[PDB]
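**Student:** This is coords-v7.pdb, which holds PDB, C-alpha atoms:
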ATOM      1  CA  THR A  71     -25.259   9.906 -10.859
ATOM      2  CA  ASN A  72     -23.050  10.981  -7.939
ATOM      3  CA  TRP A  73     -19.811   9.433  -6.620
ATOM      4  CA  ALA A  74     -20.727   9.754  -2.927
ATOM      5  CA  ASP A  75     -24.072   7.986  -3.391
ATOM      6  CA  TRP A  76     -22.353   5.312  -5.471
ATOM      7  CA  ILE A  77     -19.660   4.732  -2.817
ATOM      8  CA  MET A  78     -22.360   4.560  -0.121
ATOM      9  CA  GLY A  79     -24.173   1.888  -2.166
ATOM     10  CA  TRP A  80     -21.306  -0.564  -1.616
ATOM     11  CA  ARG A  81     -21.671  -0.378   2.177
ATOM     12  CA  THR A  82     -22.674  -3.500   4.077
ATOM     13  CA  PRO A  83     -22.006  -4.289   7.749
ATOM     14  CA  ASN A  84     -18.609  -5.957   8.294
ATOM     15  CA  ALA A  85     -17.814  -6.119   4.563
ATOM     16  CA  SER A  86     -15.579  -9.095   3.736
ATOM     17  CA  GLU A  87     -12.095  -8.635   2.247
ATOM     18  CA  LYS A  88     -13.362 -10.224  -0.986
ATOM     19  CA  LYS A  89     -16.303  -7.797  -1.179
ATOM     20  CA  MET A  90     -14.078  -4.789  -0.517
ATOM     21  CA  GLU A  91     -11.542  -5.836  -3.160
ATOM     22  CA  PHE A  92     -14.399  -6.450  -5.625
ATOM     23  CA  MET A  93     -15.570  -2.874  -5.071
ATOM     24  CA  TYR A  94     -12.002  -1.579  -5.521
ATOM     25  CA  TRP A  95     -11.501  -3.527  -8.730
ATOM     26  CA  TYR A  96     -14.914  -2.559 -10.147
ATOM     27  CA  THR A  97     -14.147   1.098  -9.460
ATOM     28  CA  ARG A  98     -10.590   1.001 -10.830
ATOM     29  CA  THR A  99     -11.615  -0.844 -13.986
ATOM     30  CA  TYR A 100     -14.538   1.545 -14.552
ATOM     31  CA  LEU A 101     -12.208   4.545 -14.244
ATOM     32  CA  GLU A 102      -9.744   2.973 -16.692
ATOM     33  CA  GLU A 103     -12.251   1.663 -19.232
ATOM     34  CA  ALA A 104     -15.152   4.131 -19.092
ATOM     35  CA  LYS A 105     -13.219   7.299 -18.148
ATOM     36  CA  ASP A 106      -9.786   6.624 -19.728
ATOM     37  CA  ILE A 107      -7.993   7.449 -16.460
ATOM     38  CA  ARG A 108      -4.335   6.367 -16.336
ATOM     39  CA  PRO A 109      -3.920   3.119 -14.355
ATOM     40  CA  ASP A 110      -1.779   4.603 -11.542
ATOM     41  CA  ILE A 111      -4.320   7.392 -11.002
ATOM     42  CA  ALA A 112      -7.252   4.962 -11.315
ATOM     43  CA  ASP A 113      -5.662   2.677  -8.704
ATOM     44  CA  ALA A 114      -5.192   5.509  -6.199
ATOM     45  CA  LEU A 115      -8.698   6.929  -6.648
ATOM     46  CA  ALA A 116     -10.335   3.489  -6.505
ATOM     47  CA  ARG A 117      -8.441   2.597  -3.336
ATOM     48  CA  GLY A 118      -9.313   5.975  -1.791
ATOM     49  CA  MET A 119     -12.980   5.528  -2.645
ATOM     50  CA  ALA A 120     -12.901   1.998  -1.198
ATOM     51  CA  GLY A 121     -11.505   3.688   1.924
ATOM     52  CA  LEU A 122     -14.468   6.084   1.988
ATOM     53  CA  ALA A 123     -16.954   3.248   1.429
ATOM     54  CA  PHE A 124     -15.630   0.877   4.099
ATOM     55  CA  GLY A 125     -14.248   3.202   6.770
ATOM     56  CA  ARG A 126     -10.594   2.443   6.056
ATOM     57  CA  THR A 127      -8.532   5.566   6.693
ATOM     58  CA  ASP A 128      -5.380   3.722   5.506
ATOM     59  CA  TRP A 129      -7.050   3.352   2.090
ATOM     60  CA  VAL A 130      -8.380   6.942   1.996
ATOM     61  CA  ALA A 131      -4.687   7.962   2.159
ATOM     62  CA  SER A 132      -4.246   6.757  -1.437
ATOM     63  CA  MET A 133      -6.322   9.677  -2.761
ATOM     64  CA  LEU A 134      -4.577  12.191  -0.452
ATOM     65  CA  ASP A 135      -1.260  11.693  -2.306
ATOM     66  CA  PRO A 136      -0.314  15.079  -3.868
ATOM     67  CA  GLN A 137       0.800  13.288  -7.065
ATOM     68  CA  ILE A 138      -2.812  12.098  -7.444
ATOM     69  CA  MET A 139      -4.688  15.131  -6.085
ATOM     70  CA  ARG A 140      -2.898  17.472  -8.509
ATOM     71  CA  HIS A 141      -4.892  15.890 -11.369
ATOM     72  CA  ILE A 142      -7.917  17.832 -10.136
ATOM     73  CA  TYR A 143      -6.597  20.544 -12.522
ATOM     74  CA  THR A 144      -5.844  18.333 -15.535
ATOM     75  CA  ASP A 145      -8.829  15.954 -15.672
ATOM     76  CA  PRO A 146     -12.428  17.089 -15.119
ATOM     77  CA  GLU A 147     -13.355  13.482 -14.222
ATOM     78  CA  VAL A 148     -10.801  13.559 -11.397
ATOM     79  CA  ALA A 149     -12.009  16.996 -10.238
ATOM     80  CA  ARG A 150     -15.552  15.573 -10.183
ATOM     81  CA  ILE A 151     -14.487  12.619  -8.034
ATOM     82  CA  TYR A 152     -12.936  14.949  -5.467
ATOM     83  CA  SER A 153     -15.824  17.447  -5.476
ATOM     84  CA  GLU A 154     -18.506  14.778  -5.202
ATOM     85  CA  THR A 155     -16.652  12.996  -2.369
ATOM     86  CA  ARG A 156     -15.514  16.166  -0.575
ATOM     87  CA  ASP A 157     -18.141  15.919   2.176
ATOM     88  CA  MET A 158     -17.147  12.293   2.823
ATOM     89  CA  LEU A 159     -13.480  13.301   2.918
ATOM     90  CA  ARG A 160     -14.122  16.173   5.323
ATOM     91  CA  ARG A 161     -16.084  13.776   7.564
ATOM     92  CA  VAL A 162     -13.256  11.212   7.710
ATOM     93  CA  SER A 163     -10.790  14.023   8.528
ATOM     94  CA  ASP A 164     -13.092  15.294  11.344
ATOM     95  CA  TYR A 165     -13.267  18.525   9.321
ATOM     96  CA  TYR A 166      -9.519  19.185   9.474
ATOM     97  CA  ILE A 167      -9.775  19.328   5.672
ATOM     98  CA  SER A 168     -11.423  22.662   4.827
ATOM     99  CA  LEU A 169      -9.808  23.396   1.449
ATOM    100  CA  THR A 170     -12.127  23.599  -1.534
ATOM    101  CA  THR A 171     -11.631  21.008  -4.276
ATOM    102  CA  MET A 172      -9.769  23.467  -6.496
ATOM    103  CA  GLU A 173      -7.642  24.744  -3.571
ATOM    104  CA  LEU A 174      -6.782  21.131  -2.736
ATOM    105  CA  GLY A 175      -5.721  20.555  -6.349
ATOM    106  CA  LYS A 176      -3.583  23.693  -6.377
ATOM    107  CA  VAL A 177      -1.913  22.890  -3.044
ATOM    108  CA  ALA A 178      -1.246  19.345  -4.269
ATOM    109  CA  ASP A 179       0.418  20.628  -7.440
ATOM    110  CA  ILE A 180       2.571  23.095  -5.496
ATOM    111  CA  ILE A 181       3.728  20.352  -3.121
ATOM    112  CA  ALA A 182       4.370  17.802  -5.891
ATOM    113  CA  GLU A 183       6.392  20.309  -7.939
ATOM    114  CA  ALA A 184       8.280  21.662  -4.922
ATOM    115  CA  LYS A 185       9.241  18.272  -3.500
ATOM    116  CA  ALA A 186      10.544  17.113  -6.895
ATOM    117  CA  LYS A 187      12.811  20.198  -7.100
ATOM    118  CA  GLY A 188      13.888  20.005  -3.431
ATOM    119  CA  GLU A 189      12.411  23.362  -2.451
ATOM    120  CA  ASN A 190      12.815  24.595   1.132
ATOM    121  CA  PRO A 191       9.560  23.899   3.038
ATOM    122  CA  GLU A 192       9.656  27.534   4.269
ATOM    123  CA  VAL A 193       9.244  28.678   0.671
ATOM    124  CA  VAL A 194       6.549  26.085  -0.072
ATOM    125  CA  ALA A 195       4.540  27.267   2.947
ATOM    126  CA  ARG A 196       4.599  30.801   1.499
ATOM    127  CA  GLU A 197       3.522  29.481  -1.927
ATOM    128  CA  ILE A 198       0.574  27.708  -0.304
ATOM    129  CA  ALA A 199      -0.429  30.758   1.744
ATOM    130  CA  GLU A 200      -0.382  32.843  -1.452
ATOM    131  CA  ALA A 201      -2.361  30.216  -3.401
ATOM    132  CA  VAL A 202      -5.114  29.910  -0.769
ATOM    133  CA  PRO A 203      -5.872  33.419   0.530
ATOM    134  CA  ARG A 204      -9.339  32.284   1.738
ATOM    135  CA  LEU A 205      -7.766  30.333   4.626
ATOM    136  CA  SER A 206      -5.355  31.466   7.332
ATOM    137  CA  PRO A 207      -1.908  29.886   7.652
ATOM    138  CA  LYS A 208      -3.156  28.137  10.827
ATOM    139  CA  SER A 209      -6.108  26.686   8.906
ATOM    140  CA  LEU A 210      -3.727  25.605   6.184
ATOM    141  CA  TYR A 211      -1.526  23.975   8.852
ATOM    142  CA  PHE A 212      -4.377  21.767  10.055
ATOM    143  CA  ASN A 213      -5.227  20.808   6.474
ATOM    144  CA  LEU A 214      -1.652  19.788   5.675
ATOM    145  CA  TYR A 215      -1.085  18.216   9.108
ATOM    146  CA  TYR A 216      -3.999  15.897   8.448
ATOM    147  CA  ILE A 217      -2.891  15.115   4.887
ATOM    148  CA  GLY A 218       0.774  14.673   5.849
ATOM    149  CA  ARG A 219      -0.012  12.355   8.763
ATOM    150  CA  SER A 220      -2.495  10.344   6.679
ATOM    151  CA  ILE A 221      -0.036   9.684   3.839
ATOM    152  CA  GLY A 222       3.093   9.556   6.043
ATOM    153  CA  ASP A 223       4.889  12.378   4.222
ATOM    154  CA  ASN A 224       7.451  14.201   6.366
ATOM    155  CA  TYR A 225       7.988  16.874   3.699
ATOM    156  CA  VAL A 226       4.299  17.807   3.828
ATOM    157  CA  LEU A 227       4.534  17.822   7.635
ATOM    158  CA  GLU A 228       7.565  20.172   7.479
ATOM    159  CA  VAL A 229       5.556  22.553   5.283
ATOM    160  CA  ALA A 230       2.658  22.285   7.728
ATOM    161  CA  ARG A 231       4.953  23.142  10.661
ATOM    162  CA  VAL A 232       6.100  26.341   8.927
ATOM    163  CA  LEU A 233       2.467  27.309   8.329
ATOM    164  CA  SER A 234       1.668  26.738  12.028
ATOM    165  CA  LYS A 235       4.247  29.414  12.981
ATOM    166  CA  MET A 236       3.393  31.916  10.210
TER
END
What would the structure in this file look like if it were written as structure tokens?
**Tutor:**
Amino acid sequence: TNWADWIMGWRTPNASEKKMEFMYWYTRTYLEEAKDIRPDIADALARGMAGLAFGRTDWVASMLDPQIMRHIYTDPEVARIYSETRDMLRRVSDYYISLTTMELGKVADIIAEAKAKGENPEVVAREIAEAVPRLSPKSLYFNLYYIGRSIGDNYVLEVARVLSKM
């Protein structure tokens, strides 16, 4: 009925590696077979959701990849995964993530497109500020700082640094 409740259902104390990988595989295969999600996207979302289930921030990083998050705009099933898990995501980020689901998708697409074309991070920061007028550049900094550190993306961190000064 709801992705957060479903993720929470997999929780058991000190979940074994086998149990966690079973959850991941069940989720990935469901997304592929029942929702027709492309395998690379299904992998990332399943791993991210396993991260949310089992308290593994290194796994949550998989769904914070801009190349995955941008599909919020192209696939309603992906948008639904992000919206239904948003509270869990904000909790794991200690509320450094404050973007809405559709702002997150837009920011992801901007970053993905910009990085591929080698855009100056100064310009990308201004694109993001324009795309998300609801939040200040400082707020946007903390959002991208968290995302960039989580996924280990220095380009995202460069964009974040520009936002911090804007």
**Student:** Using only C-alpha atoms, pick whichever of A:230, A:163, A:168, A:212 has the shortest atom-to-atom distance to residue 192 in chain A.
**Tutor:**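 The closest residue to residue 192 in chain A is A:230.
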**Student:** Looking at only C-alpha atoms, which of A:181, A:159, A:174, A:85 is the one that sits closest to residue 119 in chain A?
**Tutor:**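 So, comparing all the options, the nearest one is A:159.
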**Student:** Quick one: pull the distance between CA of residue 104 in chain A and CA of residue 156 in chain A, Å, one decimal.
**Tutor:** 22.1 Å
**Student:** Contacts of residue 184 in chain A at 12 Å or less, counting all atoms listed in the file, minus same-chain residues fewer than 3 places along, as a list in words?
**Tutor:**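 With the cut-off at 12 Å, the set is residues 136, 137, 177, 178, 179, 180, 181, 187, 188, 189, 190, 191, 192, 193, 194, 195, 196, 197, 198, 225, 226 and 229 of chain A.
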**Student:** Since we have the selection now, will you write its residues out, keeping C-alpha atoms, as a compact mmCIF listing (two decimals), keeping the file's coordinate frame?
**Tutor:**
# COMPACT_ATOMS: atom_id res chain seq x y z
CA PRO A 136 -0.31 15.08 -3.87
CA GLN A 137 0.80 13.29 -7.06
CA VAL A 177 -1.91 22.89 -3.04
CA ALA A 178 -1.25 19.34 -4.27
CA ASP A 179 0.42 20.63 -7.44
CA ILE A 180 2.57 23.10 -5.50
CA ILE A 181 3.73 20.35 -3.12
CA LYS A 187 12.81 20.20 -7.10
CA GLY A 188 13.89 20.00 -3.43
CA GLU A 189 12.41 23.36 -2.45
CA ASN A 190 12.82 24.60 1.13
CA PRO A 191 9.56 23.90 3.04
CA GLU A 192 9.66 27.53 4.27
CA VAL A 193 9.24 28.68 0.67
CA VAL A 194 6.55 26.08 -0.07
CA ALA A 195 4.54 27.27 2.95
CA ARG A 196 4.60 30.80 1.50
CA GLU A 197 3.52 29.48 -1.93
CA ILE A 198 0.57 27.71 -0.30
CA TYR A 225 7.99 16.87 3.70
CA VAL A 226 4.30 17.81 3.83
CA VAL A 229 5.56 22.55 5.28
**Student:** With all atoms listed in the file as the atoms that count, which of A:146, A:80, A:235, A:210 lies nearest to residue 105 in chain A?
**Tutor:**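 Among A:146, A:80, A:235, A:210, it is A:146 that comes nearest to residue 105 in chain A.
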**Student:** Where does the PyMOL selection byres ((chain A and resi 170) around 10) land in this file, that is, which residues does it pick, as a ChimeraX atom specification?
**Tutor:** /A:152-153,156,167-169,171-176,202,204
**Student:** Check the smallest atom-to-atom distance from each of A:120, A:209, A:141, A:95 to residue 155 in chain A using all atoms listed in the file, then report the winner.
**Tutor:**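 Of all the options, A:120 lies closest to residue 155 in chain A.
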**Student:** Taking (-20.6, 13.2, 5.6) in the coordinates of the supplied file, I want to know which residues reach to within 8 Å of it, counting only C-alpha atoms; could you give the answer as a ChimeraX atom specification?
**Tutor:** /A:157-162
**Student:** One decimal, in Å: what's the spacing between CA of residue 134 in chain A and CA of residue 92 in chain A?
**Tutor:**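 Here the two named atoms are 21.7 Å from each other.
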**Student:** My list of candidates is A:81, A:101, A:186, A:131. Which is closest to residue 147 in chain A when distances are computed with only C-alpha atoms?
**Tutor:**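 Checking each candidate against residue 147 in chain A, we get A:101 as the closest.
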**Student:** Which residue gives the smallest distance to residue 148 in chain A among A:116, A:122, A:227, A:130, with all atoms listed in the file counted?
**Tutor:** A:116
**Student:** Report as a PyMOL selection string all protein, DNA and RNA residues lying within 8 Å of residue 115 in chain A, evaluated on only C-alpha atoms, omitting residues in the same chain fewer than 5 positions from it.
**Tutor:** chain A and resi 98+132-133+138
**Student:** How many Å lie between CA of residue 74 in chain A and CA of residue 221 in chain A, rounded to one decimal?
**Tutor:**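 Those two atoms sit 21.8 Å apart.
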**Student:** Hey, could you patch up range 84-117 of chain A with N, CA and C atoms and hand it over as a PDB file, in the coordinates of the input?
**Tutor:**
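Output contents, as saved in part16.pdb:
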ATOM      1  N   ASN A  84     -19.729  -5.019   8.210  1.00  0.00           N
ATOM      2  CA  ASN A  84     -18.609  -5.957   8.294  1.00  0.00           C
ATOM      3  C   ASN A  84     -18.233  -6.546   6.933  1.00  0.00           C
ATOM      4  N   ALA A  85     -18.112  -5.681   5.928  1.00  0.00           N
ATOM      5  CA  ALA A  85     -17.814  -6.119   4.563  1.00  0.00           C
ATOM      6  C   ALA A  85     -16.572  -7.007   4.529  1.00  0.00           C
ATOM      7  N   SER A  86     -16.683  -8.147   3.851  1.00  0.00           N
ATOM      8  CA  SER A  86     -15.579  -9.095   3.736  1.00  0.00           C
ATOM      9  C   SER A  86     -14.456  -8.509   2.886  1.00  0.00           C
ATOM     10  N   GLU A  87     -13.243  -9.028   3.069  1.00  0.00           N
ATOM     11  CA  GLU A  87     -12.095  -8.635   2.247  1.00  0.00           C
ATOM     12  C   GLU A  87     -12.384  -8.823   0.757  1.00  0.00           C
ATOM     13  N   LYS A  88     -13.003  -9.948   0.408  1.00  0.00           N
ATOM     14  CA  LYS A  88     -13.362 -10.224  -0.986  1.00  0.00           C
ATOM     15  C   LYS A  88     -14.318  -9.173  -1.548  1.00  0.00           C
ATOM     16  N   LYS A  89     -15.326  -8.802  -0.760  1.00  0.00           N
ATOM     17  CA  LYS A  89     -16.303  -7.797  -1.179  1.00  0.00           C
ATOM     18  C   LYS A  89     -15.641  -6.438  -1.361  1.00  0.00           C
ATOM     19  N   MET A  90     -14.763  -6.076  -0.434  1.00  0.00           N
ATOM     20  CA  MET A  90     -14.078  -4.789  -0.517  1.00  0.00           C
ATOM     21  C   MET A  90     -13.142  -4.723  -1.720  1.00  0.00           C
ATOM     22  N   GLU A  91     -12.425  -5.808  -1.996  1.00  0.00           N
ATOM     23  CA  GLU A  91     -11.542  -5.836  -3.160  1.00  0.00           C
ATOM     24  C   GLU A  91     -12.333  -5.864  -4.465  1.00  0.00           C
ATOM     25  N   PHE A  92     -13.523  -6.465  -4.448  1.00  0.00           N
ATOM     26  CA  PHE A  92     -14.399  -6.450  -5.625  1.00  0.00           C
ATOM     27  C   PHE A  92     -14.829  -5.023  -5.943  1.00  0.00           C
ATOM     28  N   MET A  93     -15.221  -4.282  -4.910  1.00  0.00           N
ATOM     29  CA  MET A  93     -15.570  -2.874  -5.071  1.00  0.00           C
ATOM     30  C   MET A  93     -14.389  -2.082  -5.649  1.00  0.00           C
ATOM     31  N   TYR A  94     -13.211  -2.258  -5.054  1.00  0.00           N
ATOM     32  CA  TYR A  94     -12.002  -1.579  -5.521  1.00  0.00           C
ATOM     33  C   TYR A  94     -11.744  -1.860  -7.003  1.00  0.00           C
ATOM     34  N   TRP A  95     -11.810  -3.126  -7.372  1.00  0.00           N
ATOM     35  CA  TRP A  95     -11.501  -3.527  -8.730  1.00  0.00           C
ATOM     36  C   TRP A  95     -12.549  -3.022  -9.729  1.00  0.00           C
ATOM     37  N   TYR A  96     -13.818  -3.063  -9.329  1.00  0.00           N
ATOM     38  CA  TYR A  96     -14.914  -2.559 -10.147  1.00  0.00           C
ATOM     39  C   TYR A  96     -14.698  -1.072 -10.425  1.00  0.00           C
ATOM     40  N   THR A  97     -14.365  -0.333  -9.370  1.00  0.00           N
ATOM     41  CA  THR A  97     -14.147   1.098  -9.460  1.00  0.00           C
ATOM     42  C   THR A  97     -12.940   1.414 -10.341  1.00  0.00           C
ATOM     43  N   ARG A  98     -11.815   0.759 -10.071  1.00  0.00           N
ATOM     44  CA  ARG A  98     -10.590   1.001 -10.830  1.00  0.00           C
ATOM     45  C   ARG A  98     -10.786   0.713 -12.311  1.00  0.00           C
ATOM     46  N   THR A  99     -11.404  -0.426 -12.605  1.00  0.00           N
ATOM     47  CA  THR A  99     -11.615  -0.844 -13.986  1.00  0.00           C
ATOM     48  C   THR A  99     -12.617   0.073 -14.706  1.00  0.00           C
ATOM     49  N   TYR A 100     -13.634   0.550 -13.994  1.00  0.00           N
ATOM     50  CA  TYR A 100     -14.538   1.545 -14.552  1.00  0.00           C
ATOM     51  C   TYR A 100     -13.780   2.830 -14.918  1.00  0.00           C
ATOM     52  N   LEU A 101     -12.962   3.320 -13.995  1.00  0.00           N
ATOM     53  CA  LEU A 101     -12.208   4.545 -14.244  1.00  0.00           C
ATOM     54  C   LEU A 101     -11.274   4.396 -15.445  1.00  0.00           C
ATOM     55  N   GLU A 102     -10.631   3.239 -15.563  1.00  0.00           N
ATOM     56  CA  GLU A 102      -9.744   2.973 -16.692  1.00  0.00           C
ATOM     57  C   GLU A 102     -10.513   2.852 -18.011  1.00  0.00           C
ATOM     58  N   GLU A 103     -11.582   2.064 -17.996  1.00  0.00           N
ATOM     59  CA  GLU A 103     -12.251   1.663 -19.232  1.00  0.00           C
ATOM     60  C   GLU A 103     -13.290   2.671 -19.696  1.00  0.00           C
ATOM     61  N   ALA A 104     -14.079   3.192 -18.758  1.00  0.00           N
ATOM     62  CA  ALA A 104     -15.152   4.131 -19.092  1.00  0.00           C
ATOM     63  C   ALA A 104     -14.667   5.581 -19.114  1.00  0.00           C
ATOM     64  N   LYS A 105     -13.693   5.911 -18.270  1.00  0.00           N
ATOM     65  CA  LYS A 105     -13.219   7.299 -18.148  1.00  0.00           C
ATOM     66  C   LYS A 105     -11.794   7.563 -18.659  1.00  0.00           C
ATOM     67  N   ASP A 106     -11.128   6.519 -19.148  1.00  0.00           N
ATOM     68  CA  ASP A 106      -9.786   6.624 -19.728  1.00  0.00           C
ATOM     69  C   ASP A 106      -8.746   7.199 -18.768  1.00  0.00           C
ATOM     70  N   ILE A 107      -8.936   6.969 -17.472  1.00  0.00           N
ATOM     71  CA  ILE A 107      -7.993   7.449 -16.460  1.00  0.00           C
ATOM     72  C   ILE A 107      -6.788   6.513 -16.411  1.00  0.00           C
ATOM     73  N   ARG A 108      -5.599   7.107 -16.347  1.00  0.00           N
ATOM     74  CA  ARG A 108      -4.335   6.367 -16.336  1.00  0.00           C
ATOM     75  C   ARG A 108      -4.315   5.387 -15.163  1.00  0.00           C
ATOM     76  N   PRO A 109      -3.814   4.156 -15.381  1.00  0.00           N
ATOM     77  CA  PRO A 109      -3.920   3.119 -14.355  1.00  0.00           C
ATOM     78  C   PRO A 109      -3.406   3.480 -12.961  1.00  0.00           C
ATOM     79  N   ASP A 110      -2.294   4.208 -12.860  1.00  0.00           N
ATOM     80  CA  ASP A 110      -1.779   4.603 -11.542  1.00  0.00           C
ATOM     81  C   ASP A 110      -2.744   5.545 -10.816  1.00  0.00           C
ATOM     82  N   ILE A 111      -3.346   6.468 -11.560  1.00  0.00           N
ATOM     83  CA  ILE A 111      -4.320   7.392 -11.002  1.00  0.00           C
ATOM     84  C   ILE A 111      -5.610   6.646 -10.651  1.00  0.00           C
ATOM     85  N   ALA A 112      -6.048   5.760 -11.545  1.00  0.00           N
ATOM     86  CA  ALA A 112      -7.252   4.962 -11.315  1.00  0.00           C
ATOM     87  C   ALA A 112      -7.118   4.095 -10.060  1.00  0.00           C
ATOM     88  N   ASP A 113      -5.960   3.460  -9.902  1.00  0.00           N
ATOM     89  CA  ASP A 113      -5.662   2.677  -8.704  1.00  0.00           C
ATOM     90  C   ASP A 113      -5.832   3.508  -7.429  1.00  0.00           C
ATOM     91  N   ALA A 114      -5.178   4.666  -7.387  1.00  0.00           N
ATOM     92  CA  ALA A 114      -5.192   5.509  -6.199  1.00  0.00           C
ATOM     93  C   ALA A 114      -6.598   5.995  -5.858  1.00  0.00           C
ATOM     94  N   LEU A 115      -7.343   6.419  -6.874  1.00  0.00           N
ATOM     95  CA  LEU A 115      -8.698   6.929  -6.648  1.00  0.00           C
ATOM     96  C   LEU A 115      -9.649   5.809  -6.239  1.00  0.00           C
ATOM     97  N   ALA A 116      -9.512   4.643  -6.867  1.00  0.00           N
ATOM     98  CA  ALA A 116     -10.335   3.489  -6.505  1.00  0.00           C
ATOM     99  C   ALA A 116     -10.068   3.058  -5.065  1.00  0.00           C
ATOM    100  N   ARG A 117      -8.795   2.999  -4.691  1.00  0.00           N
ATOM    101  CA  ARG A 117      -8.441   2.597  -3.336  1.00  0.00           C
ATOM    102  C   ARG A 117      -8.944   3.624  -2.316  1.00  0.00           C
TER     103      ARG A 117
END
